[PDB]
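Chemist: Structure incoming, see below.
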Amino acid sequence: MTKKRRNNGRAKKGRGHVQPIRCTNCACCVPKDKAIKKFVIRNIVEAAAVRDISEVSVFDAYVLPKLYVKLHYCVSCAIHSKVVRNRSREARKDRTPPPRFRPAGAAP
Amino acid sequence: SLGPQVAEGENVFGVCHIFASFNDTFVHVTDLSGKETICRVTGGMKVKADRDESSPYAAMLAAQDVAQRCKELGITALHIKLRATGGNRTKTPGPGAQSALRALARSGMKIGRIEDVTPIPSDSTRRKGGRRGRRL
Amino acid sequence: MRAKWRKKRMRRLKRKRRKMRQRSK
Amino acid sequence: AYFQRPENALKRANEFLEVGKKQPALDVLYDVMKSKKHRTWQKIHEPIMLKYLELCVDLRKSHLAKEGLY
Amino acid sequence: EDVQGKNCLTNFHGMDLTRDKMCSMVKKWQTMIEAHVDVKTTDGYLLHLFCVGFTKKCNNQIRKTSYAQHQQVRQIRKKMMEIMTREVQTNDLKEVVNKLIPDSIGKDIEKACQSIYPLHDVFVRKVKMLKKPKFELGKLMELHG
Amino acid sequence: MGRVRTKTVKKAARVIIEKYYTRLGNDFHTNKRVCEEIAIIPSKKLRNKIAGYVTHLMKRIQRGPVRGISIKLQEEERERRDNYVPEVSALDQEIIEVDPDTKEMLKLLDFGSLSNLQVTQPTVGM
Amino acid sequence: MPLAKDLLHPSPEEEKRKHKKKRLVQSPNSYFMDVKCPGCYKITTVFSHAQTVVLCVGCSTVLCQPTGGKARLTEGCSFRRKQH
Amino acid sequence: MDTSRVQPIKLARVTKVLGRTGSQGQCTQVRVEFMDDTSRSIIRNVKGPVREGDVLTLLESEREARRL
RNA sequence: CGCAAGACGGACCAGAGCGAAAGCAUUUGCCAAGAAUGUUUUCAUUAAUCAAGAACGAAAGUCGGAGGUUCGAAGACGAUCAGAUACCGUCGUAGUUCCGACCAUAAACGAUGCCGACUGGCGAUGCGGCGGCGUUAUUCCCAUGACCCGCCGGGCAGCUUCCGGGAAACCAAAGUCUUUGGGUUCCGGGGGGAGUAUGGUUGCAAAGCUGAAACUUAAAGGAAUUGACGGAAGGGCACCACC
Numbered sequence: 001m002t003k004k005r006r007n008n009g010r011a012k013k014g015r016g017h018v019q020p021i022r023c024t025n026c027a028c029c030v031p032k033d034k035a036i037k038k039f040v041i042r043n044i045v046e047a048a049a050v051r052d053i054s055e056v057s058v059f060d061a062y063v064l065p066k067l068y069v070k071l072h073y074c075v076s077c078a079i080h081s082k083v084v085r086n087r088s089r090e091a092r093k094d095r096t097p098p099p100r101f102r103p104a105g106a107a108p
Numbered sequence: 016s017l018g019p020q021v022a023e024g025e026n027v028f029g030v031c032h033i034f035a036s037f038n039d040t041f042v043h044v045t046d047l048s049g050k051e052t053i054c055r056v057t058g059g060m061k062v063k064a065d066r067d068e069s070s071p072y073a074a075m076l077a078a079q080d081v082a083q084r085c086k087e088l089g090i091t092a093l094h095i096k097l098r099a100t101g102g103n104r105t106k107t108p109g110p111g112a113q114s115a116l117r118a119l120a121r122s123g124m125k126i127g128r129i130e131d132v133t134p135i136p137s138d139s140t141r142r143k144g145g146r147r148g149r150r151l
Numbered sequence: 001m002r003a004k005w006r007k008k009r010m011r012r013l014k015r016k017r018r019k020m021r022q023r024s025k
Numbered sequence: 003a004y005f006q007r008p009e010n011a012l013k014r015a016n017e018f019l020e021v022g023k024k025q026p027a028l029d030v031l032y033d034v035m036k037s038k039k040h041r042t043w044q045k046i047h048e049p050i051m052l053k054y055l056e057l058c059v060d061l062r063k064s065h066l067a068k069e070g071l072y
Numbered sequence: 089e090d091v092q093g094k095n096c097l098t099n100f101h102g103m104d105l106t107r108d109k110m111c112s113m114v115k116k117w118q119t120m121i122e123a124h125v126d127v128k129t130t131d132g133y134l135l136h137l138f139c140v141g142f143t144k145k146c147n148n149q150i151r152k153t154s155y156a157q158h159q160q161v162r163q164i165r166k167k168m169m170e171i172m173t174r175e176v177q178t179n180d181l182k183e184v185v186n187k188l189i190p191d192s193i194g195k196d197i198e199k200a201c202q203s204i205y206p207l208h209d210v211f212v213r214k215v216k217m218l219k220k221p222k223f224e225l226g227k228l229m230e231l232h233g
Numbered sequence: 001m002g003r004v005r006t007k008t009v010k011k012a013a014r015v016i017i018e019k020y021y022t023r024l025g026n027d028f029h030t031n032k033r034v035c036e037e038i039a040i041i042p043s044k045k046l047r048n049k050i051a052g053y054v055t056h057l058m059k060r061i062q063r064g065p066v067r068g069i070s071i072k073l074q075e076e077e078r079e080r081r082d083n084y085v086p087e088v089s090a091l092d093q094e095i096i097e098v099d100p101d102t103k104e105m106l107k108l109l110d111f112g113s114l115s116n117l118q119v120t121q122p123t124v125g126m
Numbered sequence: 001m002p003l004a005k006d007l008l009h010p011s012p013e014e015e016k017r018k019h020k021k022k023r024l025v026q027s028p029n030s031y032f033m034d035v036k037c038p039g040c041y042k043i044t045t046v047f048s049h050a051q052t053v054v055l056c057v058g059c060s061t062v063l064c065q066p067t068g069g070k071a072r073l074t075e076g077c078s079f080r081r082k083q084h
Numbered sequence: 001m002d003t004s005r006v007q008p009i010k011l012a013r014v015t016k017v018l019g020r021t022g023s024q025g026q027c028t029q030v031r032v033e034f035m036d037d038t039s040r041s042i043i044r045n046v047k048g049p050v051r052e053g054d055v056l057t058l059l060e061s062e063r064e065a066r067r068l
């Protein structure tokens with residue numbers, strides 16, 4: 001029997017059971033240590049509407065609040081939504097996160 | 016329509032209660048207290064197709080009317096409260112959240128504040144769909 | 001699923017034989 | 003982020019004093035004098051430093067009146 | 089609680105906090121610390137306060153964790169109740185409010201727990217006025233004096 | 001479009017610049033006629049190409065050194081950088097002192113001059 | 001390992017910083033100490049890992065405190081090994 | 001109550017072209033400047049072949065493009 | 001805006017911890033239990049592995065009571081489809097929850113017995129102990145707290161290579177094996193027939209444990225490699241493709 005991954009595709013070490021979590025898209029049961037977790041921080045307002053809201057606001061310099069969403073995906077939904085991609089035999093050993101913009105300034 | 020006897024240098028502040036997500040958009044303008052309220056318009060009233068009720072322009076066309084009746088009465092400014100469905104569901108805004116704001120602001124109404132309000136459990140009852148969930 | 005079904009059809013069949021033999025006596 | 007209009011430092015400073023706390027009300031005042039708000043004398047920097055040195059002498063903190071004046 | 093000739097007079101009912109602020113402080117590689125108490129005022133008002141503490145990402149860590157022992161946490165919770173009962177059991181309804189507006193309450197806890205773990209942040213995310221006494225017109229108009 | 005030069009051009013272009021560096025100008029037409037005389041290129045269209053790349057190389061060779069081929073004057077300036085640099089003639093500034101725990105080694109090896117002492121704080125990143 | 005290292009004769013503490021039962025000869029990592037503070041003017045002798053409260057016959061009645069290993073003394077010097 | 005009251009015909013001009021989209025490349029993302037506000041800008045989807053610096057005729061700026 | 005019922009402990013929560021395994025996250029208290037480390041304390045071989053026999057043992061299921069919000073086998077409808085007893089939508093019983101008895105099974109998976117010895121390097125993390133140039137808390141000052149550096153144990157793991165092994169995938173153990181022997185238990189013999197037949201035993205039931213042959217067949221199976229194929233993923237291209 002060939003073992004594709006040393007970790008069996010999850011973060012279970014020294015533990016017997018792990019509570020399941022529901023996938024955000026398909027409601028499927030997935031172990032918390034197998035679920036693909038994406039933290040999404042977004043402004044409540046889209047970048048285009050920021051000007052119109054600042055002009056109509058009673059306050060000269062209102063700091064817009066942020067949405068904090070912890071998305072939990074099953075492996076199928078994460079592949080379908082292209083959040084995770086297929087990797088070569090060697091590139092599966094790599095655990096570095098892909099570089100994003102750089103940083104949270106301005107355009108991104 | 017009779018407004019208050021001064022609003023010349025001040026503003027009168029209503030609460031907008033924008034609803035978010037799919038197959039539906041509400042905009043429901045109320046008092047500060049929220050005890051009593053004014054006109055309430057849906058995207059299912061602007062557009063009939065049973066599939067464009069969550070669309071951007073249906074949400075914009077809604078707020079483009081609601082914002083008229085506000086200023087007609089004397090309500091000139093708006094604090095904003097959001098609502099995504101939540102309750103162990105999607106808990107993420109629909110399309111028609113960004114949309115209605117851009118339309119109602121530029122119609123002429125003032126924006127005072129904005130915030131997120133969503134009903135988020137501290138862990139509660141099992142979600143519809145079963146163990147294997149929806150597929151197809 | 002396939003093996004789990006082959007074990008199931010033969011389970012109900014075995015149960016029927018028991019009943020049928022218990023019926024015969 | 004933190005502050006804006008650095009004039010909010012006075013408010014907090016004033017809010018804590020109504021409770022009777024001069025140890026943190028001051029901290030808030032110092033957290034401003036030393037920060038991105040180094041726009042060399044906005045008009046509100048005098049009332050901040052006047053209150054700051056009143057509390058320094060109301061609790062006795064010279065090494066703070068030094069950093070404040072510095 | 090009362091209406092007076094086209095002017096509606098108000099009374100305290102409890103404070104709450106925003107979502108985004110409460111969310112932003114919560115993050116990975118910290119240990120969140122929470123406690124509550126039921127408490128009575130000098131008057132007949134009754135309150136049920138909810139506080140919070142977060143561990144500090146320390147002065148010059150090279151470590152990527154800020155986790156604390158369980159023994160240490162239960163001290164911090166005990167001492168966060170002790171402070172918040174002393175200042176609210178004494179000191180009548182109005183003086184409570186006066187301490188919470190600049191947050192003198194929360195700031196006092198931050199320094200008092202500093203020795204056993206430094207901590208940055210203390211806020212009181214909720215207070216819920218559970219019971220309250222009779223209307224008392226004389227005590228009422230004091231607030232709107 | 002397209003028309004990316006092949007290797008047959010880039011091979012001989014380098015060669016022709018190395019051994020006839022002097023004859024080159026920076027004009028198209030002059031560099032053509034030189035290639036016609038110092039070699040025979042059996043086509044006409046091929047000749048018009050090899051000249052144009054010889055020209056395009058000769059622009060860059062009048063800046064810093066190219067890494068595909070060599071000329072004489074670059075190997076001159078190579079030698080001039082690689083036999084003395086103006087930075088030092090002294091070794092290194094003649095006197096350099098060291099901090100203790102090096103002094104303890106030198107104590108046990110019969111040396112006892114030209115030192116300083118600083119006993120810098122604990123510890124790594126701290 | 002450099003795979004040629006000596007093991008007959010070890011370094012004074014660069015090969016005697018090891019665990020005490022992984023040394024060539026087993027040694028304790030503990031010691032005695034001759035004390036005589038003022039709270040109790042007597043030449044007392046006490047083991048480093050006290051394990052129990054050591055009492056005093058003077059004005060004081062405590063000298064030690066057993067922790068998770070060595071023992072935290074007090075405001076009285078009194079120190080020696082001696083030899084071991 | 002009856003029909004609707006609508007905004008007047010707007011005019012807005014290209015500042016830059018972004019790239020082509022749609023499922024046959026038939027749509028074109030483009031950035032446009034509002035031509036009355038010089039700090040305002042919206043992204044649009046435009047069908048026809050465009051260059052840069054040409055002016056469009058928008059019926060609304062309520063609508064906004066994303067990707068699909 | 002208030003009230004009631006039942007269910008449930010988010011984010012924080014991690015190749016982190018504890019437990020023999022199954023498993024175990026709101027507060028506070030009580031009740032008994034355990035590992036590691038420290039020790040110039042005690043006993044003096046009291047040990048290792050195990051037929052018989054014994055305790056615990058997910059979910060579902062069975063029996064008797066309580067409860068029944070939510071989800072939901074069964075069932076009744078609405079669509080999709082030539083057909084559609086399905087995937088999808090609505091409703092909904094048993095069940096899901098708690099108390100007392102049964103049931104002994106799972107990919108109960110690291111698909112890897114337990115105890116002991118020896119054999120590379122490197123950086124981390126949880127716990128205890130010890131050593132230290134210093135910042136930091138408070139009462140002003142070595143109570144013991146936080147951060148920094150190093151050392152010693154045992155624990156969950158990772159990275160690195162002509163240690164060595166392997167059919168290879170891979171593995172500091174699956175290594176120290178034709179140069180074969182440290183101790184001991186369990187278990188395997190081409191593929192089907194079959195976990196069936198049969199008798200024994202346990203169980204209220206459902207079933208569990210124990211377990212053949214006749215006959216049939218020259219392949220079944222593993223990795224591993226090269227192709228082709230994919231209603232797999234990432235790039236690129238064509239008016240015999242599209243717009």
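Residue numbers (UniProt numbering), protein chains in the order written: chain R, 1 to 108; chain D, 16 to 151; chain L, 1 to 25; chain C, 3 to 72; chain H, 89 to 233; chain Y, 1 to 126; chain X, 1 to 84; chain E, 1 to 68. Each residue gets a CB set at the ideal place from its N, CA and C atoms; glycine is no exception.
For a contact meaning CB atoms closer than 8 Å, what does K66 (chain R) contact in chain H?
Modeler: Here the question's residue 66 (chain R) lines up with position 66 in the first sequence. Neighbours of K66 (chain R) on chain H, chain order: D108, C111, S112.
Chemist: Quick one, are the C-beta atoms of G58 (chain D) and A78 (chain D) less than 7 Å apart?
Modeler: Locating residue 58 (chain D) in the second sequence gives position 43, counting from the first residue. Locating residue 78 (chain D) in the second sequence gives position 63, counting from the first residue. Taking C-beta atoms as the reference points, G58 (chain D) and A78 (chain D) fail to come closer than 7 Å.
Chemist: For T57 (chain E), count the other beta carbons within 10 Å of its own beta carbon; 16 or more makes it buried, fewer makes it exposed. Which is it?
Modeler: Translated into positions along the eighth sequence, residue 57 (chain E) becomes position 57. With fewer than 16 Cβ atoms within 10 Å of its Cβ, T57 (chain E) is classed as exposed.
Chemist: With a floor of 3 residues, list each beta strand (DSSP E) that falls wholly inside the region 1–49 of chain E, ordered by position along the chain.
Modeler: As far as the region 1–49 of chain E is concerned, its whole beta strand (DSSP E) runs of at least 3 residues are 12–21, 27–33, 41–46.
Chemist: Using a Cβ cut-off of 8 Å, which residues of the region 26–42 of chain R contact any Cβ in chain D, in chain order?
Modeler: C26, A27, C28, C29
Chemist: What's the C-alpha gap between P26 (chain C) and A123 (chain H)?
Modeler: By one-based count along the fourth sequence, residue 26 (chain C) stands at place 24. By one-based count along the fifth sequence, residue 123 (chain H) stands at place 35. Using only the alpha carbons, I get a separation of about 23 Å.
Chemist: CB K86 (chain D) to CB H32 (chain D), shorter than 7 Å?
Modeler: By one-based count along the second sequence, residue 86 (chain D) stands at place 71. By one-based count along the second sequence, residue 32 (chain D) stands at place 17. Contact flag unset, no.
Chemist: Go through its chain and collect everything with a Cβ distance to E97 (chain Y)'s Cβ below 7 Å, but skip five positions before and after it.
Modeler: As a working note, residue 97 (chain Y) is residue 97 in the sixth sequence. Hits under 7 Å: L114, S115, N116.
Chemist: Compare the Cα-Cα distances from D46 (chain D) to each of D:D39, D:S36, D:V27, D:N103 and report the closest residue.
Modeler: Translated into the one-based positions of the second sequence, residue 46 (chain D) becomes position 31. Ranking D:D39, D:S36, D:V27, D:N103 by Cα distance to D46 (chain D) puts D:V27 first.
Chemist: How many whole angstroms separate the CB atoms of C59 (chain X) and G39 (chain X), which I take to be in contact at a CB cut-off of 8 Å?
Modeler: The residue given as residue 59 (chain X) occupies position 59 in the seventh sequence. The residue given as residue 39 (chain X) occupies position 39 in the seventh sequence. Yes, they are in contact, since the Cβ atoms of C59 (chain X) and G39 (chain X) sit about 6 Å apart, within 8 Å.
Chemist: Taking a contact to mean a Cβ-Cβ separation below 7 Å, would you say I36 (chain R) touches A78 (chain R) in this structure?
Modeler: The count along the first sequence starts at 1 and reaches residue 36 (chain R) at position 36. The count along the first sequence starts at 1 and reaches residue 78 (chain R) at position 78. Yes, the Cβ-Cβ distance between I36 (chain R) and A78 (chain R) is below 7 Å.
Chemist: Going along the chain, which residues of the region 115–128 of chain D sit with their C-beta nearer than 7 Å to a C-beta in chain E?
Modeler: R117, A118
Chemist: Give the DSSP-derived three-state secondary structure of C201 (chain H) in the structure shown.
Modeler: Start at 1 with the first residue of the fifth sequence, and residue 201 (chain H) comes out as number 113. Reduced to three states, the DSSP call for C201 (chain H) is coil.
Chemist: If distances are taken between C-alpha atoms only, which option among X:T74, X:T52, X:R81, X:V62 comes closest to residue 112 (chain X)?
Modeler: Because chain X in this structure spans residues 1 to 84, residue 112 (chain X) falls outside the shown range and cannot be described.
Chemist: Would you give the residue range spanned by the beta strand (DSSP E) that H124 (chain H) belongs to?
Modeler: For the purposes of this step, residue 124 (chain H) is taken as the residue at position 36 of the fifth sequence. From DSSP, the beta strand (DSSP E) with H124 (chain H) extends over 120–128.
Chemist: Which residue from Y:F111, Y:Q121, Y:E94 puts its Cα closest to that of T102 (chain Y)?
Modeler: Within the sixth sequence, residue 102 (chain Y) is the residue found at index 102, counting from 1. Answer by Cα proximity: Y:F111.
Chemist: Would you kindly check if the distance between the Cβ of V46 (chain X) and the Cβ of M33 (chain X) is under 7 Å?
Modeler: Here residue 33 (chain X) refers to the residue found at position 33 when the seventh sequence is read from its first residue. Here residue 46 (chain X) refers to the residue found at position 46 when the seventh sequence is read from its first residue. Yes, these two residues count as a Cβ contact at 7 Å.
Chemist: Span of the alpha helix (DSSP H) holding residue 41 (chain H)?
Modeler: The structure shown does not extend to residue 41 (chain H), since chain H spans only 89 to 233, so no value can be given for it.
Chemist: For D46 (chain D) and chain H, any beta-carbon pair shorter than 7 Å?
Modeler: Within the second sequence, residue 46 (chain D) is the residue found at index 31, counting from 1. Not flagged as an interface residue toward chain H: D46 (chain D), since no C-beta distance is shorter than 7 Å.
Chemist: Within 7 Å of any Cβ in chain H, is that where the Cβ of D138 (chain D) sits?
Modeler: The sequence position of residue 138 (chain D) within the second sequence is 123, counting from 1. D138 (chain D) is outside the set of residues whose beta carbon lies under 7 Å from a beta carbon in chain H.
Chemist: When DSSP labels each residue in this structure, what does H65 (chain C) get in the three-state scheme?
Modeler: Start at 1 with the first residue of the fourth sequence, and residue 65 (chain C) comes out as number 63. Three-state result, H65 (chain C): helix.
Chemist: Would you say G148 (chain D) reaches chain R, if we count a Cβ-Cβ gap shorter than 7 Å as a contact?
Modeler: Sequence index remark: in the second sequence, residue 148 (chain D) carries index 133 (1-based). So, interface residue.
Chemist: Which chain H residues are close to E9 (chain C), counting only those with a beta carbon under 7 Å from its beta carbon?
Modeler: Numbered from its first residue, the fourth sequence carries residue 9 (chain C) at position 7. Chain H residues near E9 (chain C): none, gap ~15 Å exceeds 7 Å.
Chemist: Interface residues of chain E around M75 (chain D) at Cβ under 7 Å?
Modeler: Sequence index remark: in the second sequence, residue 75 (chain D) carries index 60 (1-based). In chain order: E62.
Chemist: Please state whether the Cβ-Cβ distance between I204 (chain H) and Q163 (chain H) is less than 7 Å.
Modeler: Reading the fifth sequence from its first residue, position 116 is the one you call residue 204 (chain H). Reading the fifth sequence from its first residue, position 75 is the one you call residue 163 (chain H). Less than 7 Å divides the Cβ of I204 (chain H) from the Cβ of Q163 (chain H).
Chemist: Along the chain, which unbroken stretches of the alpha helix (DSSP H) at least 4 residues long are found entirely within the region 24–79 of chain Y?
Modeler: For the region 24–79 of chain Y, whole alpha helix (DSSP H) runs of length 4 or above, ordered along the chain, are 28–37, 45–61.
Chemist: Kindly list the residues whose CB is nearer than 6 Å to the CB of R84 (chain D), restricted to its own chain and excluding five residues on each side of it in sequence; keep chain order.
Modeler: Translated into positions along the second sequence, residue 84 (chain D) becomes position 69. If we look at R84 (chain D) and ignore the five residues flanking it on each side, its Cβ neighbours are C54.
Chemist: Cα separation between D209 (chain H) and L135 (chain H)?
Modeler: The residue you call residue 209 (chain H) lines up with position 121 of the fifth sequence. The residue you call residue 135 (chain H) lines up with position 47 of the fifth sequence. For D209 (chain H) and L135 (chain H), the gap between their C-alpha atoms comes out near 22 Å.
Chemist: Please check the pair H72 (chain R) and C26 (chain R), which I expect to be a contact at CB under 8 Å, by giving their CB distance rounded to whole angstroms.
Modeler: To locate residue 72 (chain R), count along the first sequence from 1; it is residue 72. To locate residue 26 (chain R), count along the first sequence from 1; it is residue 26. Contact doesn't hold; Cβ gap of about 11 Å is too wide.
Chemist: Rounded to whole angstroms, what is the Cα-Cα separation between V14 (chain E) and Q26 (chain E)?
Modeler: Counting from one through the eighth sequence, the residue named residue 14 (chain E) turns up at place 14. Counting from one through the eighth sequence, the residue named residue 26 (chain E) turns up at place 26. Those two C-alpha atoms are separated by around 18 Å.
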